[PDB]
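**Student:** Here it is, the structure in full.
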Amino acid sequence: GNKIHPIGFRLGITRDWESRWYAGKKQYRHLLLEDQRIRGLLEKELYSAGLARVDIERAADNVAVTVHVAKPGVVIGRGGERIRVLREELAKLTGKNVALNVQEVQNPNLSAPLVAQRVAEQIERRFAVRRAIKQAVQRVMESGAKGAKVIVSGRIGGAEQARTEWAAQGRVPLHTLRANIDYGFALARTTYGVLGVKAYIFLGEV
Amino acid sequence: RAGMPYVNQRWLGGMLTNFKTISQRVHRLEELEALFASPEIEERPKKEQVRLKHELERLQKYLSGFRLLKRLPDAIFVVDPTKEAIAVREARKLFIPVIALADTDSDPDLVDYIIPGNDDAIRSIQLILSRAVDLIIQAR
Amino acid sequence: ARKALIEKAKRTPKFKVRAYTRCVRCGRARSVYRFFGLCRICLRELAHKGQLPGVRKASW
Amino acid sequence: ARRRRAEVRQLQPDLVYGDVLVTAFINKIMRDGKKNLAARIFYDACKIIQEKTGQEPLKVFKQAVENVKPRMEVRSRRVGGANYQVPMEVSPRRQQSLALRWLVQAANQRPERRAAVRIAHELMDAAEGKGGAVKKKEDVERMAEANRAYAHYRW
Amino acid sequence: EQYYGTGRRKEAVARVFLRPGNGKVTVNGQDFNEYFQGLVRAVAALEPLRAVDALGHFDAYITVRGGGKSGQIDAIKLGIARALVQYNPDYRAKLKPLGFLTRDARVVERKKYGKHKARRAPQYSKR
Amino acid sequence: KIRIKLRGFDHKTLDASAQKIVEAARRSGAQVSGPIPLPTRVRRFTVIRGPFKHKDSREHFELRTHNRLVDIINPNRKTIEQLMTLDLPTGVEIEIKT
RNA sequence: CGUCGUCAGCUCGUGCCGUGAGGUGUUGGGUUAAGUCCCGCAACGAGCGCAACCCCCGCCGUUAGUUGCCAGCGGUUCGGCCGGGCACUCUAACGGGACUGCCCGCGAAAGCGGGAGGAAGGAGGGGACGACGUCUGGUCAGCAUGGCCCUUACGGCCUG
RNA sequence: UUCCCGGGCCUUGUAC
Ligand SMILES: [Zn+2]
Numbered sequence: 002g003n004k005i006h007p008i009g010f011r012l013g014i015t016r017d018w019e020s021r022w023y024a025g026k027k028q029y030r031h032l033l034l035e036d037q038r039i040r041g042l043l044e045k046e047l048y049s050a051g052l053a054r055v056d057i058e059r060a061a062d063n064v065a066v067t068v069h070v071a072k073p074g075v076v077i078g079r080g081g082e083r084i085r086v087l088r089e090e091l092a093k094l095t096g097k098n099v100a101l102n103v104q105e106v107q108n109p110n111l112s113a114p115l116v117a118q119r120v121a122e123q124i125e126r127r128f129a130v131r132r133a134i135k136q137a138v139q140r141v142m143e144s145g146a147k148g149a150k151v152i153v154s155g156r157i158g159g160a161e162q163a164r165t166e167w168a169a170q171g172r173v174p175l176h177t178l179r180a181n182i183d184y185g186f187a188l189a190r191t192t193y194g195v196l197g198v199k200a201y202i203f204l205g206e207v
Numbered sequence: 087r088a089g090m091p092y093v094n095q096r097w098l099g100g101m102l103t104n105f106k107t108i109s110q111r112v113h114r115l116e117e118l119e120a121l122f123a124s125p126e127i128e129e130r131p132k133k134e135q136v137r138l139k140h141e142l143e144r145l146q147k148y149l150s151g152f153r154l155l156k157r158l159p160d161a162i163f164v165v166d167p168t169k170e171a172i173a174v175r176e177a178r179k180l181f182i183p184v185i186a187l188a189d190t191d192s193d194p195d196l197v198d199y200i201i202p203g204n205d206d207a208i209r210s211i212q213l214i215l216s217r218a219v220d221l222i223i224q225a226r
Numbered sequence: 002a003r004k005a006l007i008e009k010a011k012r013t014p015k016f017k018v019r020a021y022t023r024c025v026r027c028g029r030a031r032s033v034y035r036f037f038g039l040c041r042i043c044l045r046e047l048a049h050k051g052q053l054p055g056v057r058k059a060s061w
Numbered sequence: 002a003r004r005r006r007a008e009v010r011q012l013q014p015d016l017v018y019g020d021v022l023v024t025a026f027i028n029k030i031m032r033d034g035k036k037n038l039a040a041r042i043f044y045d046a047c048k049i050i051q052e053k054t055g056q057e058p059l060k061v062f063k064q065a066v067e068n069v070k071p072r073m074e075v076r077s078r079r080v081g082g083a084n085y086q087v088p089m090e091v092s093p094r095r096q097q098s099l100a101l102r103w104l105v106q107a108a109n110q111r112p113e114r115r116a117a118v119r120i121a122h123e124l125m126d127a128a129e130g131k132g133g134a135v136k137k138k139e140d141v142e143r144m145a146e147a148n149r150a151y152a153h154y155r156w
Numbered sequence: 002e003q004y005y006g007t008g009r010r011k012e013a014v015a016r017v018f019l020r021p022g023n024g025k026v027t028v029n030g031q032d033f034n035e036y037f038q039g040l041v042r043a044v045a046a047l048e049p050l051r052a053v054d055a056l057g058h059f060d061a062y063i064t065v066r067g068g069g070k071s072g073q074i075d076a077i078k079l080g081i082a083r084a085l086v087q088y089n090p091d092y093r094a095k096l097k098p099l100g101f102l103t104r105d106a107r108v109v110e111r112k113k114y115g116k117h118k119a120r121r122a123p124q125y126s127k128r
Numbered sequence: 003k004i005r006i007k008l009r010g011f012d013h014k015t016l017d018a019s020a021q022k023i024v025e026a027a028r029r030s031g032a033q034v035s036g037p038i039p040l041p042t043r044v045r046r047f048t049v050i051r052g053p054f055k056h057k058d059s060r061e062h063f064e065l066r067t068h069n070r071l072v073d074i075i076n077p078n079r080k081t082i083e084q085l086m087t088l089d090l091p092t093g094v095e096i097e098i099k100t
């Protein structure tokens, strides 16, 4: 067992870093800490919006945050007021005139994190696990997506014994570098403990 | 020397009962053949090209001639009904008339149109097949 | 990794030598690196998640 | 090895003499990977041979080599939890191996203070047919051919 | 006029300059024998010379950097081989079979975690 | 007489930035020294993959910094104003020293 | 995260056999590091696997010459020290190159033995990479979390 | 490759 992170395996090629900036040893730690704090706040807030990715850029004493959301309607609001207060929040947190940006993800069925949170919510709502997994994999397969794989951790249906479910279809070549496999993990909290869901989606090559 | 297809290397088990699956291989061979004659081959470094060359060679050896069949055939011509018993069974199962150049060790009942002759003796096969193809060409 | 222990490290302890380093993510004080200010587990997790600019898997 | 034949490494022939046996000898003298020291020991030894004994020490070295070269070896065999020291033929490669090995250990075995004089004395004596290496070879030979009754175990 | 060869072996790099002369070799502005003083393998540098009836025709200027003495000698060897090749191509026909125009490419293997040094596992007993 | 320092984590964006600067300067009259590659600096971090034990796991990570040099010669005033104005990519870091 | 184990195996679609459980594929001969590949064979494929794609070392080339280098020039208070130059080493980026590719011979083929050209010759030498699963494996003391337990104490602050 | 240790594949007797 003990498969490695599919994203960390492809940082060099076919995948790109979430945080894109340079800093010396003198100030690496501070920037990293503030970046982590920003990510924490944003993930805590915008969960309802269907968060996908948070990109952090720095050019010169300024931050350019990009947020990938399924539905920008939630984040922006009725006439672009919500974002404003959101901006202010970040502006209050770290006083370097951040510039928030929102991007909408095309066909949300082809984003592993979104599938992950969807399945997690289904689990949290006491759904049937196996049926939900088949539905999810089929839904992913409908929209191109040359491969799909979904794994659920354990403690299925409040049972006394934990067990992995697992289901996949298509091609999921985890061993090839030129794969561009999108990965997503979600955690579901229920009355009988925590469950982990993983989703891999395979989209073309080269 | 005719439009008719042929199988002359080895009868892959299921060319008729599993025609769709073999048609998948026909499609694959077509796609490879197209790819090698395309100016997009500069990707896929030399070793992968060599692997694809091996694959293409294999599919060419085995599936050549069969490529002509866009669908199920209308009849089958077999040199030896016993050596090619599998093909006979498939044709029988799919209501495809069978023509055989049988010999002393064959089953007449399994062939609709039988030519009692020789299976060895290159001369005999040459004569029979030449006459048959000439009749094919003449009647077009 | 008690909470009280976490806040105890964020005050000047009347002398220099009592000061030390804790992980800024989990409050571990056993495998923290000066460069990042993270424990080895958190470092590995964040590196795999691709949230460390320029940090990549090494092979040579 | 279970498949291959473990190809023999071809040693680089010595510089002064243009010979491979000398290279093998100096390699066998080696400890802790000090080539220069071993070569110096060998050269000093051969110079001592030259001064003491008239003729070129290359020939005396070679002659000692085929002097202390055996032909029979006894090997253990495990049949029904018993030992069967069957005699067996040695390939020239194996011959050379044990010859050089015995020569070097015998050289190290002498009670003389300096290594060079020890190896020189052992070399000259082995050429003559006396010393530790020679006596050990007749030891192994007499251990062999004494249990010829075991020869049926071809192995 | 400049007959040049590179020469590299086990992290050592050389630069050799052969010019017509009486057969004087100098490295780092110093005599060959003095530089490799006491090294029995020093003469293992210039057998490429004697292979082709040289050693009487060519004065050599050698600038060599990096690696150890044995690596130094090997780099010099390959350098002179390449320079002699540059002199006249035909020499190749008699140099290649003797094993002088190949670049030896075995270096120190990387030390591996879980081992003492790249191969040696820590000792364990009392199974 | 003006030296231009380019530091980065990604070599591709660094090369792109250096190319942009060199091209813009070359267009702007006087000649330049050209992109001088410098030896990259490597930091290494070996960790235990496991959270509790198995000290024989030891996954590796590296952080490498790539360096450039431009060294514009015979500075022009309009060349100078051309600099400090062109927006640089996010990842790349710039430095100016006479 | 460790181990079996970087062992080579674990399955599916369609088609054939059997009334059915099921079987074939995945067995047999040979060969590989390998379920790698060939032939035979009622099967033809495909997925996770192996291999490859990625990184380093080894040869060469094109952009690039400062803090790197100094072959051919002029000085030098002789140390690249200056004037001077990117020839060479290097430094980094992008490529080329190795593919049983050519020849002889042996085999029905995969292949085998021996040559040549090459820096390298028959997975060139290492790295990253761990399949379906087993071990009620390890970790509630990195962290996260279900249920019990304590809250003038099993909480917290100092000295030793 | 006889034997010691640990594996893989193919063959045979008694229980789920
Ligand atoms: Zn931590």
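Chains C, B, N, G, I and J, in that order, give the protein sequences.
So in PDB author numbering, the last one in the first sequence is 207, and the numbering has no gaps at all.
So in PDB author numbering, the last one in the second sequence is 226, and the numbering has no gaps at all.
So in PDB author numbering, the last one in the third sequence is 61, and the numbering has no gaps at all.
So in PDB author numbering, the last one in the fourth sequence is 156, and the numbering has no gaps at all.
So in PDB author numbering, the last one in the fifth sequence is 128, and the numbering has no gaps at all.
So in PDB author numbering, the last one in the sixth sequence is 100, and the numbering has no gaps at all.
Heads up, the beta-carbon is just placed ideally off N, CA and C, and yes, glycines get one too.
Within 10 angstroms of the Cβ of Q123/C, are there 16 or more other Cβ atoms? Answer buried if so, exposed if not.
**Tutor:** On the first sequence, residue 123/C is found 122 positions in, with the first residue counted as 1. With 16 or more other Cβ atoms within 10 Å, it is buried.
**Student:** Indicate whether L96/I and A119/I have their beta-carbon atoms separated by less than 8 angstroms.
**Tutor:** The residue labelled residue 96/I in the question sits at position 95 within the fifth sequence. The residue labelled residue 119/I in the question sits at position 118 within the fifth sequence. No; because the gap between Cβ atoms is not below 8 angstroms, this pair is not in contact.
**Student:** Does the beta carbon of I42/N fall short of 7 angstroms from some heavy atom of ligand 1?
**Tutor:** Position 41 of the third sequence holds residue 42/N. It does: the Cβ of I42/N is within 7 angstroms (strictly closer) of some heavy atom of ligand 1.
**Student:** Starting from the C-beta of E74/G, find all residues in its chain whose C-beta is less than 6 angstroms away, skip the five residues before and the five after it, and write them out in chain order.
**Tutor:** Position 73 of the fourth sequence, counting from 1, holds the residue named residue 74/G. Here the set comprises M89 and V91.
**Student:** Rounded to whole angstroms, what is the Cα-Cα separation between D36/C and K27/C?
**Tutor:** As a working note, residue 36/C is residue 35 in the first sequence. As a working note, residue 27/C is residue 26 in the first sequence. Spanning the two alpha carbons is a distance of roughly 16 angstroms.
**Student:** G115/I CB to nearest chain J CB: under 8 angstroms?
**Tutor:** Counted from its first residue, the fifth sequence places residue 115/I at position 114. Output row for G115/I: interface = yes.
**Student:** Candidates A173/B, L154/B and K156/B: which alpha carbon is nearest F163/B's?
**Tutor:** Locating residue 163/B in the second sequence gives position 77, counting from the first residue. Answer by Cα proximity: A173/B.
**Student:** Between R9/I and ligand 1, is the CB less than 7 angstroms from at least one heavy atom?
**Tutor:** Residue mapping note: residue 9/I aligns to position 8 of the fifth sequence, counting from 1. Checking every heavy atom of ligand 1 against the Cβ of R9/I, none is found closer than 7 angstroms.
**Student:** Taking 7 angstroms as the cut-off, does the CB of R30/C come closer than this to any heavy atom belonging to ligand 1?
**Tutor:** Residue mapping note: residue 30/C aligns to position 29 of the first sequence, counting from 1. The answer is no for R30/C.
**Student:** Residue ranges of each alpha helix (DSSP H) run of no fewer than 4 residues wholly in the stretch 67-140 of chain G, ordered along the chain?
**Tutor:** Qualifying alpha helix (DSSP H) stretches, in chain order: 93-110 and 116-129.
**Student:** Can you give me, in chain order, the residues of the stretch 125-145 of chain C that have a beta carbon less than 9 angstroms from any beta carbon in chain N?
**Tutor:** Against chain N - using a Cβ distance shorter than 9 angstroms - the stretch 125-145 of chain C contributes no residues.
**Student:** Quick check: the Cα distance between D105/I and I30/G, rounded to an integer number of angstroms?
**Tutor:** In the fifth sequence, counting from the first residue as 1, residue 105/I sits at position 104. In the fourth sequence, counting from the first residue as 1, residue 30/G sits at position 29. Answer to the nearest angstrom: the Cα atoms are 25 angstroms apart.
**Student:** To the nearest angstrom, how far is it from the Cα of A71/C to the Cα of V138/C?
**Tutor:** Taking the first sequence and counting its residues from 1, the one referred to as residue 71/C is at position 70. Taking the first sequence and counting its residues from 1, the one referred to as residue 138/C is at position 137. One C-alpha to the other measures close to 19 angstroms.
**Student:** Using a beta-carbon distance cut-off of less than 8 angstroms, what residues from the stretch 23-49 of chain G approach chain I?
**Tutor:** The residues in question are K36, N37, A40, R41 and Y44.
**Student:** If the cut-off is 8 angstroms on Cβ atoms, which residues from the stretch 49-67 of chain C count as contacting chain J, listed in chain order?
**Tutor:** If the cut-off is 8 angstroms between Cβ atoms, the stretch 49-67 of chain C has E58, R59, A60 and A65 near chain J.
**Student:** Closer than 8 angstroms, Cβ to any Cβ of chain C: which residues of the stretch 15-34 of chain N, in chain order?
**Tutor:** Answer set for the stretch 15-34 of chain N: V25 and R26.
**Student:** Mind checking whether the beta-carbon of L39/N lies closer than 7 angstroms to any heavy atom of ligand 1?
**Tutor:** Residue numbering aside, residue 39/N sits at position 38 when the third sequence is read from its first letter. At least one heavy atom of ligand 1 is nearer than 7 angstroms to the Cβ of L39/N, so yes.
**Student:** Let me check understanding here. Comparing Cα to Cα, which of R10/I, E12/I, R93/I and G80/I lies closest to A61/I?
**Tutor:** If you number the fifth sequence from 1, residue 61/I lands on position 60. Considering only alpha carbons, the answer is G80/I.
**Student:** Does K50/N come within less than 8 angstroms of chain J when only Cβ atoms are used?
**Tutor:** Residue numbering aside, residue 50/N sits at position 49 when the third sequence is read from its first letter. Output row for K50/N: interface = no.
**Student:** Compute the minimum distance between the beta carbon of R29/N and the heavy atoms of ligand 1, and state whether it is under 7 angstroms.
**Tutor:** Position 28 of the third sequence, counted from the start, is the residue given in the question as residue 29/N. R29/N: yes, Cβ under 7 angstroms from ligand 1.
**Student:** Is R107/I near ligand 1, judged by its Cβ being under 7 angstroms from some heavy atom?
**Tutor:** Against the fifth sequence, residue 107/I aligns to sequence position 106. The answer is no for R107/I.
**Student:** Looking at the C-beta of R29/J, does it have a partner C-beta in chain I at a distance below 8 angstroms?
**Tutor:** To locate residue 29/J, count along the sixth sequence from 1; it is residue 27. Output row for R29/J: interface = no.
**Student:** Go ahead and pull the three-state DSSP assignment for residue 46/B.
**Tutor:** Coverage of chain B is limited to positions 87 through 226, which leaves residue 46/B absent and any answer about it impossible.
**Student:** Are there any heavy atoms of ligand 1 lying less than 7 angstroms away from the beta-carbon of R26/N, as far as the coordinates show?
**Tutor:** Here residue 26/N is taken as the residue at index 25 of the third sequence, counted from 1. Because some heavy atom of ligand 1 lies under 7 angstroms away, the Cβ of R26/N counts as near it: yes.
**Student:** Nearest chain I C-beta to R60/J closer than 8 angstroms, yes or no?
**Tutor:** Within the sixth sequence, residue 60/J is the residue found at index 58, counting from 1. Yes, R60/J counts as interfacial toward chain I.
**Student:** Which stretch, first to last residue, makes up the alpha helix (DSSP H) that contains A32/J?
**Tutor:** On the sixth sequence, position 30 is the one that residue 32/J refers to. Careful: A32/J lies outside any alpha helix (DSSP H) and carries neither H nor E.
**Student:** For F122/B, name the three-state secondary structure that DSSP assigns.
**Tutor:** As a working mapping, residue 122/B is identified with position 36 in the second sequence. Of the three classes helix, strand and coil, the one that applies to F122/B here is helix, per DSSP.
**Student:** Under the rule that 16 or more other beta-carbon atoms within 10 Å means buried, what is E19/C, buried or exposed?
**Tutor:** Here residue 19/C refers to the residue found at position 18 of the first sequence. It counts as buried.
**Student:** Where DSSP assigns a beta bridge to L196/C, which residues make up the other side?
**Tutor:** Position 195 of the first sequence, counting from 1, holds the residue named residue 196/C. Answer by DSSP bridge pairing, in chain order: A189/C.
**Student:** Can you pull the chain G residues whose beta carbon is under 7 angstroms from the beta carbon of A45/I, in chain order?
**Tutor:** By one-based count along the fifth sequence, residue 45/I stands at place 44. Within 7 angstroms Cβ-Cβ: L16.
**Student:** How would you call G10/J, buried or exposed, if buried means at least 16 neighbouring beta carbons within 10 angstroms?
**Tutor:** For the purposes of this step, residue 10/J is taken as the residue at position 8 of the sixth sequence. Buried, because 16 or more other Cβ atoms sit within 10 Å of the Cβ of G10/J.
**Student:** Please list, in chain order, the residues of the stretch 20-38 of chain C that have any C-beta partner in chain J closer than 7 angstroms.
**Tutor:** Residues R21, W22 and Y23.
**Student:** Can you list the residues of chain J that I42/N reaches, using a CB-CB cut of under 7 angstroms?
**Tutor:** Start at 1 with the first residue of the third sequence, and residue 42/N comes out as number 41. Going along chain J in sequence order, the residues near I42/N (Cβ under 7 angstroms) are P53.
**Student:** Quick one: residues in its chain with C-beta nearer than 6 angstroms to the C-beta of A186/B, no 5 flanking neighbours on either side, listed in chain order?
**Tutor:** Taking the first residue of the second sequence as 1, we reach residue 186/B at position 100. If we look at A186/B and ignore the five residues flanking it on each side, its Cβ neighbours are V164, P167, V197 and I200.
**Student:** Measure from the alpha carbon of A15/I to the alpha carbon of each residue in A45/I, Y88/I, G67/I and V86/I, then state which is nearest.
**Tutor:** As a working mapping, residue 15/I is identified with position 14 in the fifth sequence. Nearest option by C-alpha distance: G67/I.
**Student:** What residues of chain C sit near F47/J, judged by a beta carbon separation below 8 angstroms?
**Tutor:** As a position in the sixth sequence, residue 47/J is number 45, starting the count at 1. Per Cβ cutoff of 8 angstroms: no residues; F47/J is ~13 angstroms from chain C at best.
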